[PDB]
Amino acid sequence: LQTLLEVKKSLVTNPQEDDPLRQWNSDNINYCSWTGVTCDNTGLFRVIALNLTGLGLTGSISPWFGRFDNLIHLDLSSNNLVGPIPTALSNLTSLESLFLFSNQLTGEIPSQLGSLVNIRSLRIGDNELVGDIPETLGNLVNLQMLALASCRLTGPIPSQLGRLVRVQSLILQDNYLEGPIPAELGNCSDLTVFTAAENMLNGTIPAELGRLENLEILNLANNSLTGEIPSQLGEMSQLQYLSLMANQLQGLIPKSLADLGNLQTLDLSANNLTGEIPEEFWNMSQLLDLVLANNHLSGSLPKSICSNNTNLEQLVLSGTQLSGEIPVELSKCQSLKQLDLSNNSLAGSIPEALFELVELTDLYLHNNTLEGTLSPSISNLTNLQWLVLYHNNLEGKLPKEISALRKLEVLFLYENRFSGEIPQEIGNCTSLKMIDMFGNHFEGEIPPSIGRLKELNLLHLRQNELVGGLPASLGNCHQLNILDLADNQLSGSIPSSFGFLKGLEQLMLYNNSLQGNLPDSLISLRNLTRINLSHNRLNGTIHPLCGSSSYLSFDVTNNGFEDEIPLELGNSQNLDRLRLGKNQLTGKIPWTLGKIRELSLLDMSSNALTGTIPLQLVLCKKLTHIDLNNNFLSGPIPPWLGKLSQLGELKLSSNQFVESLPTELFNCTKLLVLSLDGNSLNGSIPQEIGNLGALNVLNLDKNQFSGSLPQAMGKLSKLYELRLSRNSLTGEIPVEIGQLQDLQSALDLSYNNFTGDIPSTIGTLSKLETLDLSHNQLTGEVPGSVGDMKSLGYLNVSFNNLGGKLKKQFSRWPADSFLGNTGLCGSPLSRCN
């Protein structure tokens, strides 16, 4: 019977020519010799155990397996098998091991597995099984191990699972099981490891779990249990590991947990626990890991601390709202490797005793209020790899002893008040991968020793007071991703050795005094992502920076860069922000910016660019800001700018643009600043400009506009600055203008050819601070409301053709405000003869 059955499923477990089970053919007919099979040792033949794991099988499990009434160990683990678990294994009552783990199995766990009461270990996890856990599993009273982890199983933990009196390991983590944890598991009394981590248990932890005298491991992390931690769990005296992290637990931490004499790790981080840390914990000799971070605890470290914590390796109390100073008593925990007190409200100095903790690898004191100095005793922590002190108010020089730390990897001192030189021996800390000292008051040169730090991937010295050159030695730090020396006082040229930083993604050098050409070697930096060289004294061409594609932001504002803008900037499709302002660049704007789909802010102001705006930039639909001021650009304002629906600020002033304003432009309904002053635009102003309802600033000065002023300009209700001076406008000023209630900064109509009366409605301009109508041809008398203007500070109406006795509102405006008007007499001027 059974040698038919053995070759039967080799058909279903391998639907293929190639057989890892090659030995299973009727040609070698003694099946006991075959790979993976074991026959009875008693001479009656038949199969007792099958071991097929690590074979790489990709097929299915079949009901013919159930035919073996003498199978005791079935192991199909750690293959890639597919399909359901056959309920036909119902029939193999003789089975004592069932291992299906680490496959790709599907379906629910069969109800009928409950009839295998002589089973001892069941492992079917690391599969994609989908059902609720069947309550029949409680029948398997002989079971010592049950693993259902890392699948897709649902529903409550069956409470009629407490019948499994003799189970030693219960493994349910990494599923979707939900509801309360049953009190009935108190009756599983040889239980020693129990994990239901990474599930959805939503009850409170039953106190009946204190019942389990032999429990050594308890792990319910990453769940959603609520309530207070039962003090009855102090009764679990064989326990070594407790984690309840990442739940929604409430209340004060129970004081009994010190009664767990064998406890090696206690983790209750990431809950809503409160109260103080029970001082009983400081008497827990055998504890290794105490982590209580991110709980709304209260109070401060008592001087009882480390009273009897001889074995403690890791103490984590960050984000626990602790107050007070660091205890000198904490140096009694001489064994301690990792101390984390960050993200608290600690004060005072760092105690000199804490450099007695010579086994420390990690010291976290950041984001407190600590003051004082960093002691040269830091050399004693010779094993330290992460030293993290940022966002404190530490001061003074930085110890030259920091150079004894040959295993140091991370040095975070930023946002303190440190001062003086960086230690010239800093390069002795060869292991260093990240150095951040931003925001201090470090002075003097950057240590050339830093070029010893081959592992260095981050260097950040920004916002200090450092002086002198950029050290060529830094070109030896080949693994640098971010180099940021901005906001200093650095001088000299960039050294051509920086071309050796082939993996560098961010280069920030802005706000310094760097000078001279960029070295041609920077072309090798083809992984660059963000550059900012702004506000320096660099010259030569920017071509060496465009060896990289994949820029996100490229800033060189305010330098002395010369020649043409490289068309290669187009290579960075994802360039969000391009700033070349305040340089000496020449030639036309490059068409290839049209390749930059992601361009949003373009600034080329204050260069010597010539030509026109390339049509291809219509492709940059995300543009919100264009700044081309103070160039030598020519030709019309291109109507395709209206296709930039997102354009909020268009600055084209002090160029040589030369014709009429296109109607298309006013499809840019999101414009807030349109300034085109200082060009040579001609023609009239279009009615459709009122289409710009959001517009805040309109400045058309020092062009040569013509004709009358549109009635639609009263539509710009949000406009606070209006400048149209030094044009040739010809009409009378519209009564519709009084609708611009938000005008504040200026209303400048000077040096035009306006005629008629000044409209009485201008006095309606409640918030306008400056009104200039000088050098026109306006007539009549000034309406007096204009003199009373509540917010007005400057008034000039000189060089018009007005007359009469000035209404008495105009006292203490100066005579200079009414100059050149023959035939005007009044309060500030001469008497009416």
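One rule holds for the numbers: they count along the sequence shown, beginning at 1.
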Between 63-71 and 769-777 (mean CA B-factor, as deposited), the higher = 63-71
Take the C-alpha B-factors listed in the entry for 93-101 and for 495-503, compute each mean, and give the stretch with the larger one.
-> 93-101
Which one of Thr154, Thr529, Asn392, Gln338 shows the top CA temperature factor in the record?
-> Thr154
Reading the B-factor column for Cα atoms of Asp362, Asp484, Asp627, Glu235, the highest value belongs to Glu235
Of the three thirds of its chain by CA temperature factor, lowest, middle or highest, which one includes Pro686?
-> middle
Would the CA B-factor of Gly107 place it in the lowest, middle or highest third of its chain?
-> highest
Entry-reported Cα temperature factor of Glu598, expressed as the chain third it lands in | lowest
Among the modelled residues of its chain, does the C-alpha B-factor of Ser331 lie in the lowest, middle or highest third?
-> middle
Entry-reported Cα temperature factor of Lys670, expressed as the chain third it lands in | middle
